[PDB]
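What follows is a single structure, written as structure tokens, with notes after it.
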Amino acid sequence: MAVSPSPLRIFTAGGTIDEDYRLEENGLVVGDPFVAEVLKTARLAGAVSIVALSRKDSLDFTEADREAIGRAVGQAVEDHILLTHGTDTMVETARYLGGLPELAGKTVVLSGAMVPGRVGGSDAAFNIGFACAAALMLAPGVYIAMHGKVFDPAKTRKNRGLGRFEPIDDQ
Amino acid sequence: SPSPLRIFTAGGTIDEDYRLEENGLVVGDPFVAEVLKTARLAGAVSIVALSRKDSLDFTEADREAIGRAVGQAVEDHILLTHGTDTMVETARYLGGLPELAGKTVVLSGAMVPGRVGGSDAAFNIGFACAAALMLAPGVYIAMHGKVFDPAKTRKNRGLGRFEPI
Amino acid sequence: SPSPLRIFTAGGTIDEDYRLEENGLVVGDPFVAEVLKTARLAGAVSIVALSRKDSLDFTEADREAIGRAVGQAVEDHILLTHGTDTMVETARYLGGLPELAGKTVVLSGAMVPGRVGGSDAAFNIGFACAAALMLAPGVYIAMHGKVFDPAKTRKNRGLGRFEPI
Amino acid sequence: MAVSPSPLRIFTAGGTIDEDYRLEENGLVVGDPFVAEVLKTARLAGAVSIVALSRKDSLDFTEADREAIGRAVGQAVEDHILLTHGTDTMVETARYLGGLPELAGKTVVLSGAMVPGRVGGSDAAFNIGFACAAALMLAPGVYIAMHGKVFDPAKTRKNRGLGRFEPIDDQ
Ligand SMILES: [Cl-]
Ligand SMILES: [Cl-]
């Protein structure tokens with residue numbers, strides 16, 4: 001009888017995508033992983049394991065946290081990986097992962113959202129669909145998937161003011 | 001940049017909305033435009049309306065007109081949003097057209113209207129836009145977080161899903 | 001505190017939801033419970049399910065059973081969520097029952113299902129809960145941000161609204 | 001031919017109810033008035049004039065701002081008034097308005113939301129429905145309408161930690 005394969009694993013490191021309002025803080029905190037909400041209603045043929053690695057706010061996120069993400073991605077059986085993450089340091093994590101030889105036969109995609117998923121008008125659900133497809137279809141490597149396109153982490157910056165990733169032009 | 005994408009809308013469950021005059025759902029404005037409005041896209045996209053007919057009412061003549069319309073696009077990356085009832089019929093017909101052989105054509109839609117809570121539509125649109133950009137030339141169905149070969153796929157009406165034959 | 005409120009659910013557009021098996025809307029779980037879950041209430045509320053029938057299918061016998069059910073409540077403040085097609089018929093029938101004469105009974109619902117985008121349901125529920133707490137004993141329809149006298153009201157099916165006669 | 005009366009006027013002073021995410025701030029700001037969004041889809045028989053008075057964040061809100069709200073409410077022709085406002089100083093504004101003899105024949109209700117309207121799971125739409133009804137049905141006075149009940153501002157406090165208004169018990 002046919003067994004539907006589950007080629008994709010998702011890891012979550014928090015970020016804007018997962019932010020939610022809490023009364024105590026009178027403001028946003030990093031909440032539960034929004035990617036789980038999106039996949040719950042995606043009516044998937046397979047299944048996707050979603051493993052939560054970290055929810056630190058961006059200021060507290062360290063090298064040691066980035067090392068733990070590399071160990072988790074490297075230890076996964078799956079060769080197709082989506083990491084949801086904050087956009088302010090996504091490029092630094094992507095560049096770090098691109099240097100691990102352990103990742104050489106894996107397609108690893110980083111994504112997230114400029115607007116929290118739990119806020120009206122969020123990019124999150126589109127971005128998760130696009131990034132899931134990217135993780136399945138791209139050749140091995142490390143990529144950022146945002147704005148409905150694929151970015152090379154070595155040639156990308158975050159424009160903090162505009163909430164967009166932009167290519168670094170070759171000179 | 002990504003390659004320019006052309007999106008055609010042929011109606012279906014994805015676009016259904018409630019109307020007081022009908023006391024129920026009717027095919028309304030294309031939901032894909034609502035999703036892409038907030039997707040903060042970098043690439044070139046253009047959305048064109050083909051139809052708001054029920055996909056069950058499509059004739060062979062209708063499918064021939066959808067094929068000619070996809071062939072009017074310069075773009076080589078195409079998304080067609082469509083009802084799931086006859087998505088396999090339209091997809092198999094397009095896959096037979098030599099005039100489309102250099103294009104990546106992806107059909108998608110939703111099992112639950114985009115304007116109803118808990119819909120698959122926004123995820124499906126993201127997934128299918130990536131698929132239209134990234135897959136080799138051909139015709140495909142992108143639903144349920146996977147890519148289907150139309151020749152080897154059927155719509156299970158009772159289970160609300162696509163399945164391998 | 002406010003006086004305890006009892007809420008009865010009799011179905012209707014407010015509670016409609018999409019089902020793949022029907023390829024369309026059916027009366028689902030009461031939407032009023034979804035609204036009150038996030039309303040952070042201070043007062044006593046209890047929600048009881050009466051029916052998920054189409055309001056057009058209500059008989060005189062059904063309206064008599066709704067009257068007896070409202071009379072089983074100790075509470076003197078009652079909200080009944082209901083379809084708009086026969087809301088005036090149920091409301092006029094309840095207004096004729098001496099056994100309800102000390103109760104404030106408010107009927108409400110929605111023109112657009114709560115689970116569809118752009119629905120009036122959550123505003124209607126807030127408004128009707130206030131109305132059930134604050135109005136003098138009687139039977140009322142609370143819709144469109146106002147209070148209607150059932151005896152002097154009709155459902156315009158074509159315009160999707162209630163109106164004075 | 002029948003003219004539908006419009007007995008209710010709404011004023012907006014910002015608060016949590018109106019908060020929205022902005023990329024530049026990387027967080028919530030006081031946005032456009034959420035009550036307008038709720039009434040847009042309420043299918044009203046009448047109309048409601050919605051007048052925006054202030055969007056200051058809570059720290060910048062002063063006595064002079066509170067005085068301007070009292071002048072706007074007193075000058076309105078309508079005798080049924082809903083003021084949407086922050087919950088942290090709603091009691092102080094309500095007590096201030098309760099002391100204006102100019103308001104004596106008006107029903108004035110203050111409301112808002114513990115969770116921004118543009119965040120998932122908000123109380124805002126319910127609260128606006130309830131508070132509109134309260135403004136129409138209550139006898140003249142100044143009230144807070146939250147948690148599906150009516151509070152007397154002289155006998156109410158905000159519990160900041162729990163996001164709730166509570167009665168001050170008579171001793
Ligand atoms: Cl914030
Ligand atoms: Cl329907």
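Order determines the names: the first chain of the structure tokens is A, the second B, and so forth; residues in each chain are numbered 1 upward, and ligands are numbered 1 upward as they are shown.
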Residues near residue 76 (chain D), cut-off 12 Å, only C-alpha atoms, skip fewer than 6 positions along chain, as a ChimeraX atom specification: /D:7-11,49-51,69-70,82,102-103,105-108
Emit the selected residues as a PDB file, in the first residue's frame, including C-alpha atoms.
```pdb
ATOM      1  CA  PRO D   7     -28.309  58.905  17.256  1.00  0.00           C
ATOM      2  CA  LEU D   8     -24.720  57.712  18.006  1.00  0.00           C
ATOM      3  CA  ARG D   9     -21.442  59.612  17.455  1.00  0.00           C
ATOM      4  CA  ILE D  10     -18.076  57.928  17.979  1.00  0.00           C
ATOM      5  CA  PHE D  11     -14.808  59.621  18.955  1.00  0.00           C
ATOM      6  CA  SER D  49     -20.063  59.585  12.397  1.00  0.00           C
ATOM      7  CA  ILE D  50     -16.592  58.510  13.617  1.00  0.00           C
ATOM      8  CA  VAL D  51     -14.322  61.467  14.521  1.00  0.00           C
ATOM      9  CA  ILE D  69     -11.983  65.056  24.459  1.00  0.00           C
ATOM     10  CA  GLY D  70     -14.381  66.737  26.944  1.00  0.00           C
ATOM     11  CA  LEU D  82     -18.911  56.096  22.277  1.00  0.00           C
ATOM     12  CA  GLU D 102     -22.216  69.960  29.780  1.00  0.00           C
ATOM     13  CA  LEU D 103     -22.442  66.102  29.535  1.00  0.00           C
ATOM     14  CA  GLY D 105     -28.079  64.653  29.338  1.00  0.00           C
ATOM     15  CA  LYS D 106     -25.647  62.486  27.313  1.00  0.00           C
ATOM     16  CA  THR D 107     -24.986  58.760  27.573  1.00  0.00           C
ATOM     17  CA  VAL D 108     -21.197  58.509  27.201  1.00  0.00           C
TER      18      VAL D 108
END
```
Taking 3 positions as the minimum chain separation for residues in the same chain, which residues sit within 7 Å of residue 55 (chain D) when counting only C-alpha atoms? Answer as a CSV table (one decimal) with N, CA and C atoms, in the first residue's frame.
```
chain,number,residue,atom,x,y,z
D,13,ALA,N,-9.7,58.0,20.5
D,13,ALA,CA,-8.5,58.5,21.1
D,13,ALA,C,-7.3,57.5,21.1
D,14,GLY,N,-7.4,56.5,20.2
D,14,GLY,CA,-6.3,55.5,20.1
D,14,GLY,C,-6.4,54.4,21.1
D,30,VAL,N,0.2,53.0,17.2
D,30,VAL,CA,-1.3,53.3,17.1
D,30,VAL,C,-1.6,53.7,15.7
```
Transformed chain B, reference chain C, in-order C-alpha pairing, as a PDB file with C-alpha atoms, in the first residue's frame:
```pdb
ATOM      1  CA  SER B   1     -21.711  42.027  37.572  1.00  0.00           C
ATOM      2  CA  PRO B   2     -24.322  41.770  34.830  1.00  0.00           C
ATOM      3  CA  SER B   3     -27.389  39.491  35.239  1.00  0.00           C
ATOM      4  CA  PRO B   4     -26.729  35.880  34.101  1.00  0.00           C
ATOM      5  CA  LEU B   5     -27.284  35.419  30.335  1.00  0.00           C
ATOM      6  CA  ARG B   6     -28.481  32.248  28.631  1.00  0.00           C
ATOM      7  CA  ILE B   7     -27.724  31.868  24.919  1.00  0.00           C
ATOM      8  CA  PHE B   8     -29.668  29.402  22.727  1.00  0.00           C
ATOM      9  CA  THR B   9     -28.426  28.504  19.249  1.00  0.00           C
ATOM     10  CA  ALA B  10     -30.941  27.625  16.527  1.00  0.00           C
ATOM     11  CA  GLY B  11     -28.544  27.709  13.558  1.00  0.00           C
ATOM     12  CA  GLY B  12     -28.765  30.020  10.570  1.00  0.00           C
ATOM     13  CA  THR B  13     -26.352  31.882   8.277  1.00  0.00           C
ATOM     14  CA  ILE B  14     -24.320  33.057  11.272  1.00  0.00           C
ATOM     15  CA  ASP B  15     -23.149  29.460  11.912  1.00  0.00           C
ATOM     16  CA  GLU B  16     -22.533  28.360   8.301  1.00  0.00           C
ATOM     17  CA  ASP B  17     -19.225  26.773   7.425  1.00  0.00           C
ATOM     18  CA  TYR B  18     -17.647  25.192   4.369  1.00  0.00           C
ATOM     19  CA  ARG B  19     -17.657  21.383   4.102  1.00  0.00           C
ATOM     20  CA  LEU B  20     -15.738  19.506   1.364  1.00  0.00           C
ATOM     21  CA  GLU B  21     -18.321  16.625   1.455  1.00  0.00           C
ATOM     22  CA  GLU B  22     -21.149  19.117   0.551  1.00  0.00           C
ATOM     23  CA  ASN B  23     -18.946  21.235  -1.777  1.00  0.00           C
ATOM     24  CA  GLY B  24     -20.439  24.192   0.053  1.00  0.00           C
ATOM     25  CA  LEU B  25     -21.826  25.775   3.222  1.00  0.00           C
ATOM     26  CA  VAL B  26     -23.659  23.843   5.921  1.00  0.00           C
ATOM     27  CA  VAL B  27     -24.807  24.912   9.452  1.00  0.00           C
ATOM     28  CA  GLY B  28     -21.822  24.114  11.662  1.00  0.00           C
ATOM     29  CA  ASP B  29     -20.867  24.758  15.232  1.00  0.00           C
ATOM     30  CA  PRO B  30     -22.356  27.898  16.868  1.00  0.00           C
ATOM     31  CA  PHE B  31     -20.335  30.940  15.994  1.00  0.00           C
ATOM     32  CA  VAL B  32     -21.461  32.767  19.141  1.00  0.00           C
ATOM     33  CA  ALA B  33     -19.174  30.450  21.135  1.00  0.00           C
ATOM     34  CA  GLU B  34     -16.185  31.504  19.016  1.00  0.00           C
ATOM     35  CA  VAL B  35     -16.972  35.218  19.587  1.00  0.00           C
ATOM     36  CA  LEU B  36     -17.510  34.847  23.347  1.00  0.00           C
ATOM     37  CA  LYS B  37     -14.270  32.765  23.748  1.00  0.00           C
ATOM     38  CA  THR B  38     -12.219  35.903  22.987  1.00  0.00           C
ATOM     39  CA  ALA B  39     -14.671  38.450  24.580  1.00  0.00           C
ATOM     40  CA  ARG B  40     -12.964  38.098  28.034  1.00  0.00           C
ATOM     41  CA  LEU B  41     -16.367  38.144  29.757  1.00  0.00           C
ATOM     42  CA  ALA B  42     -16.877  39.045  33.437  1.00  0.00           C
ATOM     43  CA  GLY B  43     -20.491  37.772  33.790  1.00  0.00           C
ATOM     44  CA  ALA B  44     -22.166  34.386  33.896  1.00  0.00           C
ATOM     45  CA  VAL B  45     -23.009  32.990  30.460  1.00  0.00           C
ATOM     46  CA  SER B  46     -24.162  29.589  29.341  1.00  0.00           C
ATOM     47  CA  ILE B  47     -24.634  28.478  25.740  1.00  0.00           C
ATOM     48  CA  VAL B  48     -27.071  25.695  24.781  1.00  0.00           C
ATOM     49  CA  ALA B  49     -27.599  24.178  21.366  1.00  0.00           C
ATOM     50  CA  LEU B  50     -31.272  23.835  20.203  1.00  0.00           C
ATOM     51  CA  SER B  51     -31.096  23.141  16.465  1.00  0.00           C
ATOM     52  CA  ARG B  52     -28.970  23.242  13.314  1.00  0.00           C
ATOM     53  CA  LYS B  53     -31.965  23.085  10.938  1.00  0.00           C
ATOM     54  CA  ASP B  54     -32.430  25.711   8.144  1.00  0.00           C
ATOM     55  CA  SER B  55     -34.779  28.429   9.727  1.00  0.00           C
ATOM     56  CA  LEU B  56     -37.062  28.043   6.617  1.00  0.00           C
ATOM     57  CA  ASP B  57     -37.761  24.405   7.753  1.00  0.00           C
ATOM     58  CA  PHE B  58     -39.030  25.510  11.227  1.00  0.00           C
ATOM     59  CA  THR B  59     -42.664  24.457  11.799  1.00  0.00           C
ATOM     60  CA  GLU B  60     -45.197  25.820  14.246  1.00  0.00           C
ATOM     61  CA  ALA B  61     -44.293  22.747  16.350  1.00  0.00           C
ATOM     62  CA  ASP B  62     -40.567  23.813  16.255  1.00  0.00           C
ATOM     63  CA  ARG B  63     -41.419  27.378  17.390  1.00  0.00           C
ATOM     64  CA  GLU B  64     -43.566  25.909  20.239  1.00  0.00           C
ATOM     65  CA  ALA B  65     -40.508  23.783  21.296  1.00  0.00           C
ATOM     66  CA  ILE B  66     -38.209  26.855  21.144  1.00  0.00           C
ATOM     67  CA  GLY B  67     -40.728  28.702  23.397  1.00  0.00           C
ATOM     68  CA  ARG B  68     -40.757  25.830  25.903  1.00  0.00           C
ATOM     69  CA  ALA B  69     -36.929  25.673  25.840  1.00  0.00           C
ATOM     70  CA  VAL B  70     -36.600  29.438  26.574  1.00  0.00           C
ATOM     71  CA  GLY B  71     -39.075  28.870  29.455  1.00  0.00           C
ATOM     72  CA  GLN B  72     -36.805  26.209  30.974  1.00  0.00           C
ATOM     73  CA  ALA B  73     -34.134  28.847  31.597  1.00  0.00           C
ATOM     74  CA  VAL B  74     -33.994  30.380  35.142  1.00  0.00           C
ATOM     75  CA  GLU B  75     -32.199  33.321  33.532  1.00  0.00           C
ATOM     76  CA  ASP B  76     -34.331  36.411  32.747  1.00  0.00           C
ATOM     77  CA  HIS B  77     -31.908  37.608  29.985  1.00  0.00           C
ATOM     78  CA  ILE B  78     -31.871  35.436  26.865  1.00  0.00           C
ATOM     79  CA  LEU B  79     -30.101  35.615  23.485  1.00  0.00           C
ATOM     80  CA  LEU B  80     -31.315  33.307  20.678  1.00  0.00           C
ATOM     81  CA  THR B  81     -29.060  33.113  17.568  1.00  0.00           C
ATOM     82  CA  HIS B  82     -31.174  32.187  14.582  1.00  0.00           C
ATOM     83  CA  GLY B  83     -31.506  32.283  10.850  1.00  0.00           C
ATOM     84  CA  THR B  84     -32.823  35.614   9.446  1.00  0.00           C
ATOM     85  CA  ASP B  85     -35.366  33.972   7.044  1.00  0.00           C
ATOM     86  CA  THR B  86     -37.900  33.171   9.818  1.00  0.00           C
ATOM     87  CA  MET B  87     -36.480  35.234  12.728  1.00  0.00           C
ATOM     88  CA  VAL B  88     -39.594  37.516  12.627  1.00  0.00           C
ATOM     89  CA  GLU B  89     -41.937  34.441  12.845  1.00  0.00           C
ATOM     90  CA  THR B  90     -40.070  32.986  15.848  1.00  0.00           C
ATOM     91  CA  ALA B  91     -39.853  36.414  17.538  1.00  0.00           C
ATOM     92  CA  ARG B  92     -43.593  37.198  17.115  1.00  0.00           C
ATOM     93  CA  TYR B  93     -44.485  33.685  18.432  1.00  0.00           C
ATOM     94  CA  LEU B  94     -42.307  34.123  21.581  1.00  0.00           C
ATOM     95  CA  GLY B  95     -43.746  37.638  22.177  1.00  0.00           C
ATOM     96  CA  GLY B  96     -47.206  36.063  22.491  1.00  0.00           C
ATOM     97  CA  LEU B  97     -46.208  33.680  25.437  1.00  0.00           C
ATOM     98  CA  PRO B  98     -47.295  34.864  28.892  1.00  0.00           C
ATOM     99  CA  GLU B  99     -44.772  32.362  30.427  1.00  0.00           C
ATOM    100  CA  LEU B 100     -41.912  34.548  28.978  1.00  0.00           C
ATOM    101  CA  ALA B 101     -43.371  37.947  30.155  1.00  0.00           C
ATOM    102  CA  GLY B 102     -40.602  38.642  32.791  1.00  0.00           C
ATOM    103  CA  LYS B 103     -37.770  37.749  30.370  1.00  0.00           C
ATOM    104  CA  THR B 104     -35.760  39.964  28.034  1.00  0.00           C
ATOM    105  CA  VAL B 105     -35.418  37.818  24.887  1.00  0.00           C
ATOM    106  CA  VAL B 106     -33.298  39.034  21.998  1.00  0.00           C
ATOM    107  CA  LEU B 107     -33.020  37.278  18.634  1.00  0.00           C
ATOM    108  CA  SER B 108     -29.991  37.937  16.473  1.00  0.00           C
ATOM    109  CA  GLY B 109     -27.816  36.325  13.812  1.00  0.00           C
ATOM    110  CA  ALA B 110     -25.875  37.515  10.799  1.00  0.00           C
ATOM    111  CA  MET B 111     -26.390  38.280   7.131  1.00  0.00           C
ATOM    112  CA  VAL B 112     -22.887  36.851   6.346  1.00  0.00           C
ATOM    113  CA  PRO B 113     -21.582  33.684   8.036  1.00  0.00           C
ATOM    114  CA  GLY B 114     -19.200  34.414  10.929  1.00  0.00           C
ATOM    115  CA  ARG B 115     -16.570  32.145   9.264  1.00  0.00           C
ATOM    116  CA  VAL B 116     -16.640  34.227   6.020  1.00  0.00           C
ATOM    117  CA  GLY B 117     -14.538  37.393   5.795  1.00  0.00           C
ATOM    118  CA  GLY B 118     -16.344  40.650   6.368  1.00  0.00           C
ATOM    119  CA  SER B 119     -19.120  39.237   8.536  1.00  0.00           C
ATOM    120  CA  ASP B 120     -21.455  41.323  10.748  1.00  0.00           C
ATOM    121  CA  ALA B 121     -21.620  38.401  13.260  1.00  0.00           C
ATOM    122  CA  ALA B 122     -19.169  39.516  15.983  1.00  0.00           C
ATOM    123  CA  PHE B 123     -20.574  43.053  16.132  1.00  0.00           C
ATOM    124  CA  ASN B 124     -24.112  41.617  16.139  1.00  0.00           C
ATOM    125  CA  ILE B 125     -23.289  39.319  19.043  1.00  0.00           C
ATOM    126  CA  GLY B 126     -21.814  42.135  21.142  1.00  0.00           C
ATOM    127  CA  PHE B 127     -24.774  44.410  20.379  1.00  0.00           C
ATOM    128  CA  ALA B 128     -27.329  41.670  21.107  1.00  0.00           C
ATOM    129  CA  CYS B 129     -25.684  40.625  24.378  1.00  0.00           C
ATOM    130  CA  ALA B 130     -25.918  44.277  25.595  1.00  0.00           C
ATOM    131  CA  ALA B 131     -29.539  44.396  24.354  1.00  0.00           C
ATOM    132  CA  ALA B 132     -30.442  41.169  26.257  1.00  0.00           C
ATOM    133  CA  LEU B 133     -28.916  42.662  29.447  1.00  0.00           C
ATOM    134  CA  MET B 134     -30.299  46.180  29.148  1.00  0.00           C
ATOM    135  CA  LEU B 135     -33.749  46.113  27.526  1.00  0.00           C
ATOM    136  CA  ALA B 136     -36.984  45.826  29.519  1.00  0.00           C
ATOM    137  CA  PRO B 137     -38.786  42.497  29.451  1.00  0.00           C
ATOM    138  CA  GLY B 138     -40.060  41.686  25.969  1.00  0.00           C
ATOM    139  CA  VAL B 139     -38.995  40.051  22.736  1.00  0.00           C
ATOM    140  CA  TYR B 140     -36.788  41.918  20.284  1.00  0.00           C
ATOM    141  CA  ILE B 141     -34.712  41.526  17.151  1.00  0.00           C
ATOM    142  CA  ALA B 142     -31.243  43.120  17.363  1.00  0.00           C
ATOM    143  CA  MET B 143     -29.650  43.499  13.922  1.00  0.00           C
ATOM    144  CA  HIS B 144     -28.069  46.386  11.909  1.00  0.00           C
ATOM    145  CA  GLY B 145     -27.029  48.165  15.131  1.00  0.00           C
ATOM    146  CA  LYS B 146     -30.672  48.734  16.215  1.00  0.00           C
ATOM    147  CA  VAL B 147     -33.534  47.130  18.095  1.00  0.00           C
ATOM    148  CA  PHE B 148     -36.632  46.035  16.157  1.00  0.00           C
ATOM    149  CA  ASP B 149     -40.160  45.356  17.432  1.00  0.00           C
ATOM    150  CA  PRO B 150     -41.035  41.955  15.859  1.00  0.00           C
ATOM    151  CA  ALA B 151     -44.703  42.891  15.421  1.00  0.00           C
ATOM    152  CA  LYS B 152     -43.664  45.944  13.293  1.00  0.00           C
ATOM    153  CA  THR B 153     -40.710  44.340  11.374  1.00  0.00           C
ATOM    154  CA  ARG B 154     -40.202  42.252   8.203  1.00  0.00           C
ATOM    155  CA  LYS B 155     -37.235  40.357   6.565  1.00  0.00           C
ATOM    156  CA  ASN B 156     -36.547  41.791   3.109  1.00  0.00           C
ATOM    157  CA  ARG B 157     -35.068  38.578   1.463  1.00  0.00           C
ATOM    158  CA  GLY B 158     -33.959  40.492  -1.693  1.00  0.00           C
ATOM    159  CA  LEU B 159     -32.148  43.338   0.266  1.00  0.00           C
ATOM    160  CA  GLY B 160     -30.732  41.006   3.043  1.00  0.00           C
ATOM    161  CA  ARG B 161     -32.089  43.204   5.822  1.00  0.00           C
ATOM    162  CA  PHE B 162     -34.788  43.863   8.410  1.00  0.00           C
ATOM    163  CA  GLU B 163     -37.091  46.832   7.946  1.00  0.00           C
ATOM    164  CA  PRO B 164     -40.052  48.526   9.662  1.00  0.00           C
ATOM    165  CA  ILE B 165     -43.479  47.578   8.127  1.00  0.00           C
TER     166      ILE B 165
END
```
Could the residues of chain A that have an atom at most 10 Å from chain B be listed as CSV, each with its closest atom pair and the distance in Å to one decimal, counting only C-alpha atoms and ordered by chain and ascending residue number?
```
residue,atom,partner,partner_atom,distance
A:2,CA,B:164,CA,9.7
A:37,CA,B:118,CA,9.4
A:38,CA,B:123,CA,7.0
A:39,CA,B:123,CA,8.0
A:40,CA,B:118,CA,8.7
A:41,CA,B:120,CA,5.5
A:42,CA,B:120,CA,4.6
A:43,CA,B:144,CA,5.3
A:44,CA,B:144,CA,4.2
A:45,CA,B:144,CA,5.2
A:46,CA,B:145,CA,7.8
A:47,CA,B:145,CA,9.4
A:48,CA,B:145,CA,9.9
A:113,CA,B:39,CA,9.3
A:114,CA,B:40,CA,8.8
A:115,CA,B:38,CA,9.4
A:120,CA,B:38,CA,9.6
A:121,CA,B:38,CA,5.8
A:122,CA,B:38,CA,6.3
A:123,CA,B:39,CA,4.7
A:124,CA,B:39,CA,8.0
A:125,CA,B:123,CA,5.4
A:126,CA,B:126,CA,4.4
A:127,CA,B:126,CA,6.2
A:128,CA,B:123,CA,6.6
A:129,CA,B:127,CA,4.2
A:130,CA,B:126,CA,4.2
A:131,CA,B:127,CA,7.4
A:132,CA,B:127,CA,6.8
A:133,CA,B:127,CA,5.2
A:134,CA,B:130,CA,6.3
A:135,CA,B:130,CA,9.9
A:136,CA,B:146,CA,8.9
A:137,CA,B:134,CA,6.8
A:138,CA,B:134,CA,7.5
A:145,CA,B:130,CA,9.6
A:146,CA,B:41,CA,8.0
A:147,CA,B:41,CA,4.2
A:148,CA,B:41,CA,5.4
A:149,CA,B:2,CA,5.8
A:150,CA,B:2,CA,7.6
A:151,CA,B:1,CA,8.6
A:163,CA,B:40,CA,9.3
A:164,CA,B:40,CA,8.3
A:165,CA,B:42,CA,9.0
A:166,CA,B:42,CA,9.0
A:167,CA,B:1,CA,8.8
```
If you run DSSP on the backbone, which residues of chain A are strand (DSSP E), as a ChimeraX atom specification? /A:8-12,19-22,27-30,49-52,80-84,107-111,141-146,149-151,156-159,164-167
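Coordinates place CA of residue 169 (chain D) at a distance of 29.2 Å from CA of residue 116 (chain D).
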Surrounding residues of region 57-68 of chain D excluding itself and chain neighbours under 6 positions, 12 Å, only C-alpha atoms, as a compact mmCIF listing (two decimals) with N, CA and C atoms, in the first residue's frame:
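Here's the written file out17.txt:
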```
# COMPACT_ATOMS: atom_id res chain seq x y z
N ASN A 26 2.06 43.99 27.44
CA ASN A 26 1.39 45.11 26.77
C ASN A 26 2.03 45.26 25.39
N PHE D 11 -16.10 58.94 18.92
CA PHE D 11 -14.81 59.62 18.96
C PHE D 11 -13.73 58.60 19.20
N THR D 12 -12.56 58.79 18.67
CA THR D 12 -11.46 57.85 18.85
C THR D 12 -10.26 58.59 19.45
N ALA D 13 -9.66 57.98 20.45
CA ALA D 13 -8.46 58.52 21.13
C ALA D 13 -7.28 57.53 21.08
N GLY D 14 -7.35 56.53 20.23
CA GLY D 14 -6.30 55.53 20.09
C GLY D 14 -6.40 54.42 21.10
N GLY D 15 -5.26 53.99 21.60
CA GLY D 15 -5.24 52.85 22.49
C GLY D 15 -4.93 51.55 21.76
N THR D 16 -4.78 50.52 22.57
CA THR D 16 -4.40 49.15 22.15
C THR D 16 -5.35 48.71 21.00
N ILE D 17 -6.64 49.02 21.12
CA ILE D 17 -7.63 48.59 20.09
C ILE D 17 -7.15 48.94 18.67
N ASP D 18 -6.48 50.07 18.53
CA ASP D 18 -6.09 50.59 17.21
C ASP D 18 -4.67 50.26 16.80
N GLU D 19 -3.94 49.51 17.60
CA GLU D 19 -2.53 49.24 17.33
C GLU D 19 -2.39 48.39 16.06
N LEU D 28 4.50 47.50 17.09
CA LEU D 28 3.16 48.11 17.07
C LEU D 28 3.25 49.61 17.24
N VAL D 29 2.36 50.28 16.51
CA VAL D 29 2.11 51.73 16.67
C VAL D 29 0.61 51.90 16.74
N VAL D 30 0.16 53.03 17.19
CA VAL D 30 -1.25 53.34 17.14
C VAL D 30 -1.59 53.68 15.69
N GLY D 31 -2.49 52.89 15.09
CA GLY D 31 -2.87 53.01 13.68
C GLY D 31 -4.21 53.73 13.54
N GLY D 74 -18.83 67.35 24.58
CA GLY D 74 -19.81 68.38 24.97
C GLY D 74 -20.42 69.12 23.79
N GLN D 75 -19.65 69.31 22.73
CA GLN D 75 -20.08 70.06 21.53
C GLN D 75 -20.91 69.20 20.60
N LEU D 83 -16.64 56.55 23.02
CA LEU D 83 -15.27 57.01 22.92
C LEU D 83 -14.41 55.76 22.98
N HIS D 85 -10.66 54.15 23.32
CA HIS D 85 -9.60 54.70 24.14
C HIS D 85 -8.68 53.58 24.64
N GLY D 86 -7.49 53.92 25.08
CA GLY D 86 -6.65 52.98 25.82
C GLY D 86 -7.23 52.56 27.13
N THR D 87 -6.93 51.35 27.56
CA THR D 87 -7.49 50.87 28.86
C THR D 87 -6.66 51.29 30.07
N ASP D 88 -5.42 51.68 29.85
CA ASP D 88 -4.55 51.99 31.01
C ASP D 88 -5.03 53.29 31.69
N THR D 89 -5.56 54.25 30.97
CA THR D 89 -6.05 55.51 31.62
C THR D 89 -7.54 55.81 31.35
N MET D 90 -8.31 54.78 30.86
CA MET D 90 -9.71 54.91 30.59
C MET D 90 -10.43 55.40 31.85
N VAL D 91 -10.08 54.86 33.03
CA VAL D 91 -10.81 55.27 34.27
C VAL D 91 -10.61 56.79 34.52
N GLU D 92 -9.40 57.30 34.35
CA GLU D 92 -9.09 58.74 34.60
C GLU D 92 -9.86 59.59 33.59
N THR D 93 -9.91 59.16 32.33
CA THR D 93 -10.72 59.97 31.37
C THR D 93 -12.20 59.92 31.74
N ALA D 94 -12.74 58.72 32.03
CA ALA D 94 -14.15 58.55 32.41
C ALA D 94 -14.50 59.38 33.62
N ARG D 95 -13.64 59.40 34.65
CA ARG D 95 -13.90 60.20 35.87
C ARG D 95 -13.90 61.69 35.49
N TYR D 96 -12.98 62.13 34.64
CA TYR D 96 -12.90 63.53 34.20
C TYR D 96 -14.21 63.90 33.50
N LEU D 97 -14.65 63.07 32.57
CA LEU D 97 -15.88 63.40 31.80
C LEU D 97 -17.12 63.43 32.70
N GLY D 99 -17.46 64.67 35.48
CA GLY D 99 -17.49 65.94 36.21
C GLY D 99 -17.88 67.15 35.38
N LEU D 100 -18.16 66.97 34.08
CA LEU D 100 -18.52 68.09 33.16
C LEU D 100 -20.05 68.28 33.11
```
Have a look at D:155, D:80, D:142, D:162 and name the one nearest to chain A; count only C-alpha atoms.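 Residue with the minimum atom-to-atom distance to chain A: D:162.
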Quote the spacing between CA of residue 77 (chain A) and CA of residue 56 (chain A) in Å to one decimal place.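 Between CA of residue 77 (chain A) and CA of residue 56 (chain A) the gap works out to 25.7 Å.
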